[PDB]
Structures are given as structure tokens and as C-alpha cells.
>>> print(open('work-v7.cif').read())   # mmCIF, C-alpha atoms; chains and numbers go by the auth columns
data_model
loop_
_atom_site.group_PDB
_atom_site.id
_atom_site.type_symbol
_atom_site.label_atom_id
_atom_site.label_comp_id
_atom_site.label_asym_id
_atom_site.label_seq_id
_atom_site.Cartn_x
_atom_site.Cartn_y
_atom_site.Cartn_z
_atom_site.B_iso_or_equiv
_atom_site.auth_seq_id
_atom_site.auth_asym_id
ATOM 1 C CA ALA A 1 95.319 83.122 98.052 0.00 439 A
ATOM 2 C CA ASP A 2 96.138 81.460 94.658 0.00 440 A
ATOM 3 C CA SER A 3 94.654 77.858 94.512 0.00 441 A
ATOM 4 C CA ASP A 4 92.971 78.282 97.991 0.00 442 A
ATOM 5 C CA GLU A 5 95.147 75.231 98.872 0.00 443 A
ATOM 6 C CA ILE A 6 91.941 73.203 99.379 0.00 444 A
ATOM 7 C CA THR A 7 91.229 75.823 102.254 0.00 445 A
ATOM 8 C CA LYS A 8 87.603 74.689 102.506 0.00 446 A
ATOM 9 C CA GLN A 9 88.410 70.995 103.195 0.00 447 A
ATOM 10 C CA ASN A 10 91.392 71.837 105.463 0.00 448 A
ATOM 11 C CA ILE A 11 89.163 74.270 107.425 0.00 449 A
ATOM 12 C CA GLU A 12 86.266 71.697 107.305 0.00 450 A
ATOM 13 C CA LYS A 13 88.556 69.034 108.857 0.00 451 A
ATOM 14 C CA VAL A 14 89.229 71.655 111.601 0.00 452 A
ATOM 15 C CA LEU A 15 85.430 72.438 111.736 0.00 453 A
ATOM 16 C CA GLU A 16 84.923 68.753 112.631 0.00 454 A
ATOM 17 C CA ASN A 17 86.297 70.030 116.014 0.00 455 A
ATOM 18 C CA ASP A 18 88.527 66.955 116.602 0.00 456 A
ATOM 19 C CA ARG A 19 85.534 64.908 115.346 0.00 457 A
ATOM 20 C CA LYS A 20 83.192 66.596 117.876 0.00 458 A
ATOM 21 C CA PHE A 21 80.916 67.869 115.086 0.00 459 A
ATOM 22 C CA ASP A 22 77.755 66.490 116.693 0.00 460 A
ATOM 23 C CA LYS A 23 76.263 69.858 117.751 0.00 461 A
ATOM 24 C CA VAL A 24 76.980 71.786 114.510 0.00 462 A
ATOM 25 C CA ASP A 25 74.950 71.260 111.312 0.00 463 A
ATOM 26 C CA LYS A 26 76.162 71.044 107.695 0.00 464 A
ATOM 27 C CA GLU A 27 75.026 74.656 106.949 0.00 465 A
ATOM 28 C CA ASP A 28 77.488 76.286 109.416 0.00 466 A
ATOM 29 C CA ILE A 29 80.528 74.490 107.865 0.00 467 A
ATOM 30 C CA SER A 30 80.040 75.741 104.272 0.00 468 A
ATOM 31 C CA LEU A 31 79.257 79.379 105.177 0.00 469 A
ATOM 32 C CA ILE A 32 82.398 79.838 107.356 0.00 470 A
ATOM 33 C CA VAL A 33 84.512 78.403 104.503 0.00 471 A
ATOM 34 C CA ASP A 34 83.015 80.822 101.932 0.00 472 A
ATOM 35 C CA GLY A 35 83.850 83.783 104.222 0.00 473 A
ATOM 36 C CA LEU A 36 87.474 82.661 104.660 0.00 474 A
ATOM 37 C CA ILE A 37 87.959 82.113 100.875 0.00 475 A
ATOM 38 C CA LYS A 38 86.533 85.589 100.088 0.00 476 A
ATOM 39 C CA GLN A 39 88.792 87.281 102.685 0.00 477 A
ATOM 40 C CA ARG A 40 91.831 85.404 101.280 0.00 478 A
ATOM 41 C CA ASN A 41 90.968 86.679 97.767 0.00 479 A
ATOM 42 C CA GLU A 42 90.588 90.263 99.121 0.00 480 A
ATOM 43 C CA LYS A 43 93.953 90.077 100.977 0.00 481 A
ATOM 44 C CA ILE A 44 95.662 88.869 97.752 0.00 482 A
ATOM 45 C CA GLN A 45 94.010 91.658 95.672 0.00 483 A
ATOM 46 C CA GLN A 46 95.004 94.499 98.056 0.00 484 A
ATOM 47 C CA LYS A 47 98.682 93.390 97.989 0.00 485 A
ATOM 48 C CA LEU A 48 98.722 93.140 94.142 0.00 486 A
ATOM 49 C CA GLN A 49 97.345 96.712 93.894 0.00 487 A
ATOM 50 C CA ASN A 50 100.371 97.934 95.937 0.00 488 A
ATOM 51 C CA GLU A 51 102.713 96.418 93.281 0.00 489 A
ATOM 52 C CA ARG A 52 100.732 98.220 90.523 0.00 490 A
ATOM 53 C CA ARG A 53 101.234 101.677 92.161 0.00 491 A
ATOM 54 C CA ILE A 54 105.065 101.317 91.840 0.00 492 A
ATOM 55 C CA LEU A 55 104.652 100.426 88.134 0.00 493 A
ATOM 56 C CA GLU A 56 102.366 103.455 87.428 0.00 494 A
ATOM 57 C CA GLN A 57 105.123 105.988 88.281 0.00 495 A
ATOM 58 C CA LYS A 58 107.731 104.134 86.144 0.00 496 A
ATOM 59 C CA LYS A 59 105.413 103.978 83.086 0.00 497 A
ATOM 60 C CA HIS A 60 105.152 107.800 83.070 0.00 498 A
ATOM 61 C CA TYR A 61 108.937 108.213 83.569 0.00 499 A
ATOM 62 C CA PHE A 62 109.741 105.719 80.785 0.00 500 A
ATOM 63 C CA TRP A 63 107.207 107.553 78.573 0.00 501 A
ATOM 64 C CA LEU A 64 108.978 110.818 79.488 0.00 502 A
ATOM 65 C CA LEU A 65 112.324 109.194 78.466 0.00 503 A
ATOM 66 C CA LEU A 66 110.831 107.892 75.205 0.00 504 A
ATOM 67 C CA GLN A 67 109.384 111.330 74.550 0.00 505 A
ATOM 68 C CA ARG A 68 112.796 112.962 75.227 0.00 506 A
ATOM 69 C CA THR A 69 114.543 110.513 72.849 0.00 507 A
ATOM 70 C CA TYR A 70 111.688 110.076 70.299 0.00 508 A
ATOM 71 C CA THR A 71 109.740 113.382 70.323 0.00 509 A
ATOM 72 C CA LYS A 72 106.962 114.485 67.960 0.00 510 A
ATOM 73 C CA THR A 73 109.323 116.430 65.642 0.00 511 A
ATOM 74 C CA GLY A 74 112.913 115.570 66.614 0.00 512 A
ATOM 75 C CA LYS A 75 113.067 111.809 66.220 0.00 513 A
ATOM 76 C CA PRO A 76 110.049 109.820 64.872 0.00 514 A
ATOM 77 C CA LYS A 77 108.626 106.958 66.993 0.00 515 A
ATOM 78 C CA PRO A 78 110.065 103.655 65.518 0.00 516 A
ATOM 79 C CA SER A 79 107.658 101.247 63.768 0.00 517 A
ATOM 80 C CA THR A 80 109.204 98.195 65.492 0.00 518 A
ATOM 81 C CA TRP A 81 110.312 98.157 69.172 0.00 519 A
ATOM 82 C CA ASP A 82 113.458 96.059 68.373 0.00 520 A
ATOM 83 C CA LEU A 83 114.781 98.892 66.158 0.00 521 A
ATOM 84 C CA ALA A 84 113.893 101.321 68.977 0.00 522 A
ATOM 85 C CA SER A 85 115.417 99.249 71.846 0.00 523 A
ATOM 86 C CA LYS A 86 118.771 98.722 70.128 0.00 524 A
ATOM 87 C CA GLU A 87 119.055 102.542 69.774 0.00 525 A
ATOM 88 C CA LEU A 88 117.305 103.376 73.121 0.00 526 A
ATOM 89 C CA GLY A 89 119.200 101.327 75.702 0.00 527 A
ATOM 90 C CA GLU A 90 121.952 103.541 77.065 0.00 528 A
ATOM 91 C CA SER A 91 119.542 105.556 79.296 0.00 529 A
ATOM 92 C CA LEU A 92 118.617 104.120 82.704 0.00 530 A
ATOM 93 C CA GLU A 93 114.776 104.318 82.449 0.00 531 A
ATOM 94 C CA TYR A 94 114.671 101.457 79.864 0.00 532 A
ATOM 95 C CA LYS A 95 116.774 99.503 82.383 0.00 533 A
ATOM 96 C CA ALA A 96 114.140 100.330 85.081 0.00 534 A
ATOM 97 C CA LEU A 97 111.683 98.116 83.168 0.00 535 A
ATOM 98 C CA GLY A 98 114.251 95.364 82.334 0.00 536 A
ATOM 99 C CA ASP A 99 112.253 92.883 84.400 0.00 537 A
ATOM 100 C CA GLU A 100 108.972 94.262 82.956 0.00 538 A
ATOM 101 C CA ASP A 101 109.895 93.739 79.270 0.00 539 A
ATOM 102 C CA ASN A 102 106.310 92.981 78.129 0.00 540 A
ATOM 103 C CA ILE A 103 105.128 96.279 79.670 0.00 541 A
ATOM 104 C CA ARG A 104 107.985 98.383 78.186 0.00 542 A
ATOM 105 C CA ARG A 105 107.432 97.158 74.595 0.00 543 A
ATOM 106 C CA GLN A 106 103.654 97.725 74.781 0.00 544 A
ATOM 107 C CA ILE A 107 103.838 101.211 76.343 0.00 545 A
ATOM 108 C CA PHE A 108 106.439 102.211 73.700 0.00 546 A
ATOM 109 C CA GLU A 109 104.126 101.335 70.736 0.00 547 A
ATOM 110 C CA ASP A 110 101.189 102.822 72.650 0.00 548 A
ATOM 111 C CA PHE A 111 103.031 106.099 73.515 0.00 549 A
ATOM 112 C CA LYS A 112 101.280 107.997 70.637 0.00 550 A
ATOM 113 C CA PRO A 113 103.425 111.254 70.527 0.00 551 A
ATOM 114 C CA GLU A 114 101.874 114.784 70.508 0.00 552 A
#
>>> encode(input="work-v7.cif", output="C-alpha cells")
Amino acid sequence: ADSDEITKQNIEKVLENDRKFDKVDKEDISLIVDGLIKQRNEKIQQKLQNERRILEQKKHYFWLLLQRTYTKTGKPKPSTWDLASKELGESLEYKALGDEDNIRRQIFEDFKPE
């Protein structure tokens, strides 16, 4: 979907019908293109939402790990994630977001315990 790859013009060159365009107006060409671009955007969006569902489960489990390590009363939530991460990273749930490093730092500060 990303960049549409000039889908309208590539489809419009096909909609010339090997240059037999003589019985189709200019209105038909644009409307078919707009439908194909919208369906390409929808197909991209549905796939991206499937990736998000995998991340939603891991955010709760990492929050459960951070709560087990840094509870309300037992260990205070660090003021800087670098101090936290140096002491956190033996446990496997911080390693389960080791490709999602921007998410793991944000959800740590935004944990808000109790």
C-alpha cells in the first residue's frame, strides 16, 4: 500500500485497454483508480492491526514483570529508564521487547504503580 507505487497511472495505462480507450470516457478511469487505492489502504491497515494484537499481550506481560521487580512498596519505580534497564535485564520479558525498545522505555515510565 505505502506510496501507491503510482497505482493510478499504472492502472490508467492498463485502462487505456491497449490504447483501445475510444469507448470509455475520462470519468470511468478516475473512479476505478480511487476504488483500488482505497482497497489497498484498507488491506494495509488490516494487516498492521494484526501486528498490534501481538504487541498488546507483551505490553501487559512486561508491565507484570516490571510490577514484580518494581512494585508499589518493595522497589520504587526508577526515575530514569537507563538506571532501571541496567538493573532489570536478566529477566526474559525485557528481552521480549528488545526489538521494540521505544515501546519498552515508554511503557516503563508510564507504568504508574498502584
>>> atom_distance(input="work-v7.cif", atom1="atom CA of residue 444 of chain A", atom2="atom CA of residue 458 of chain A")
21.5 Å
>>> closest_residue(input="work-v7.cif", among="A:462, A:503, A:486, A:526", to="residue 549 of chain A", atoms="all atoms listed in the file")
A:503
>>> resolve_selection(input="work-v7.cif", expression="the PyMOL selection byres ((chain A and resi 552) around 12)", output="list in words")
residues 505, 508, 509, 510, 511, 512, 514, 515, 549, 550 and 551 of chain A
>>> write_last_selection(input="work-v7.cif", atoms="C-alpha atoms", output="short mmCIF file (atom, residue, chain, number, x, y, z; two decimals), in the coordinates of the input")
data_model
loop_
_atom_site.label_atom_id
_atom_site.label_comp_id
_atom_site.auth_asym_id
_atom_site.auth_seq_id
_atom_site.Cartn_x
_atom_site.Cartn_y
_atom_site.Cartn_z
CA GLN A 505 109.38 111.33 74.55
CA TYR A 508 111.69 110.08 70.30
CA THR A 509 109.74 113.38 70.32
CA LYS A 510 106.96 114.48 67.96
CA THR A 511 109.32 116.43 65.64
CA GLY A 512 112.91 115.57 66.61
CA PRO A 514 110.05 109.82 64.87
CA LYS A 515 108.63 106.96 66.99
CA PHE A 549 103.03 106.10 73.52
CA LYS A 550 101.28 108.00 70.64
CA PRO A 551 103.42 111.25 70.53
#
>>> atom_distance(input="work-v7.cif", atom1="atom CA of residue 546 of chain A", atom2="atom CA of residue 529 of chain A")
14.6 Å
>>> atom_distance(input="work-v7.cif", atom1="atom CA of residue 498 of chain A", atom2="atom CA of residue 542 of chain A")
11.0 Å
>>> closest_residue(input="work-v7.cif", among="A:440, A:548, A:520, A:538", to="residue 490 of chain A", atoms="all atoms listed in the file")
A:538
>>> closest_residue(input="work-v7.cif", among="A:543, A:502, A:485, A:480", to="residue 516 of chain A", atoms="all atoms listed in the file")
A:543
>>> closest_residue(input="work-v7.cif", among="A:530, A:535, A:467, A:522", to="residue 455 of chain A", atoms="only C-alpha atoms")
A:467
>>> resolve_selection(input="work-v7.cif", expression="the PyMOL selection byres ((chain A and resi 471) around 12)", output="list in words")
residues 442, 444, 445, 446, 447, 448, 449, 450, 451, 452, 453, 464, 465, 466, 467, 468, 469, 470, 472, 473, 474, 475, 476, 477 and 478 of chain A
>>> closest_residue(input="work-v7.cif", among="A:513, A:499, A:506, A:439", to="residue 531 of chain A", atoms="all atoms listed in the file")
A:499
>>> build_atoms(input="work-v7.cif", residues="segment 454-483 of chain A", atoms="N, CA and C atoms", output="short mmCIF file (atom, residue, chain, number, x, y, z; two decimals), in the frame of the given file")
data_model
loop_
_atom_site.label_atom_id
_atom_site.label_comp_id
_atom_site.auth_asym_id
_atom_site.auth_seq_id
_atom_site.Cartn_x
_atom_site.Cartn_y
_atom_site.Cartn_z
N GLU A 454 85.31 69.98 111.96
CA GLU A 454 84.92 68.75 112.63
C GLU A 454 85.17 68.82 114.13
N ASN A 455 86.05 69.72 114.61
CA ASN A 455 86.30 70.03 116.01
C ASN A 455 86.90 68.85 116.78
N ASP A 456 87.96 68.24 116.20
CA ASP A 456 88.53 66.96 116.60
C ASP A 456 87.48 65.84 116.63
N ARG A 457 86.64 65.82 115.58
CA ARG A 457 85.53 64.91 115.35
C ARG A 457 84.33 65.12 116.26
N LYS A 458 84.33 66.18 117.09
CA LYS A 458 83.19 66.60 117.88
C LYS A 458 82.30 67.56 117.10
N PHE A 459 81.72 67.07 115.99
CA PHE A 459 80.92 67.87 115.09
C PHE A 459 79.44 67.75 115.40
N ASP A 460 79.08 67.02 116.45
CA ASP A 460 77.76 66.49 116.69
C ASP A 460 76.70 67.54 117.05
N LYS A 461 77.14 68.75 117.41
CA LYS A 461 76.26 69.86 117.75
C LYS A 461 76.36 71.03 116.78
N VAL A 462 76.91 70.80 115.58
CA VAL A 462 76.98 71.79 114.51
C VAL A 462 76.41 71.13 113.27
N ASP A 463 75.54 71.83 112.51
CA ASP A 463 74.95 71.26 111.31
C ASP A 463 75.88 71.36 110.09
N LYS A 464 75.39 70.92 108.92
CA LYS A 464 76.16 71.04 107.70
C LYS A 464 76.12 72.45 107.09
N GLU A 465 75.16 73.31 107.47
CA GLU A 465 75.03 74.66 106.95
C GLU A 465 76.12 75.59 107.46
N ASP A 466 76.43 75.52 108.78
CA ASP A 466 77.49 76.29 109.42
C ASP A 466 78.86 76.08 108.77
N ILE A 467 79.23 74.83 108.43
CA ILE A 467 80.53 74.49 107.86
C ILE A 467 80.82 75.20 106.55
N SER A 468 79.88 75.13 105.58
CA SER A 468 80.04 75.74 104.27
C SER A 468 80.12 77.25 104.30
N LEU A 469 79.27 77.93 105.09
CA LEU A 469 79.26 79.38 105.18
C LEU A 469 80.52 80.00 105.76
N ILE A 470 81.12 79.39 106.80
CA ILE A 470 82.40 79.84 107.36
C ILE A 470 83.53 79.73 106.35
N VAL A 471 83.57 78.63 105.58
CA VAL A 471 84.51 78.40 104.50
C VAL A 471 84.45 79.46 103.41
N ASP A 472 83.23 79.80 102.94
CA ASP A 472 83.02 80.82 101.93
C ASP A 472 83.49 82.20 102.37
N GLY A 473 83.32 82.55 103.66
CA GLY A 473 83.85 83.78 104.22
C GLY A 473 85.36 83.85 104.27
N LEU A 474 86.02 82.75 104.66
CA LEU A 474 87.47 82.66 104.66
C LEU A 474 88.09 82.73 103.27
N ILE A 475 87.51 82.04 102.27
CA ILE A 475 87.96 82.11 100.88
C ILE A 475 87.84 83.52 100.29
N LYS A 476 86.70 84.21 100.53
CA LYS A 476 86.53 85.59 100.09
C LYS A 476 87.51 86.57 100.72
N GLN A 477 87.78 86.47 102.03
CA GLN A 477 88.79 87.28 102.68
C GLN A 477 90.21 87.00 102.22
N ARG A 478 90.56 85.74 101.90
CA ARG A 478 91.83 85.40 101.28
C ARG A 478 92.01 86.03 99.91
N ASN A 479 90.97 85.99 99.05
CA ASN A 479 90.97 86.68 97.77
C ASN A 479 91.14 88.19 97.89
N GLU A 480 90.43 88.84 98.83
CA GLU A 480 90.59 90.26 99.12
C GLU A 480 91.99 90.65 99.61
N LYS A 481 92.58 89.87 100.53
CA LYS A 481 93.95 90.08 100.98
C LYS A 481 95.00 89.92 99.88
N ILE A 482 94.82 88.97 98.94
CA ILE A 482 95.66 88.87 97.75
C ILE A 482 95.52 90.08 96.83
N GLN A 483 94.28 90.53 96.55
CA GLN A 483 94.01 91.66 95.67
C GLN A 483 94.56 92.99 96.16
#
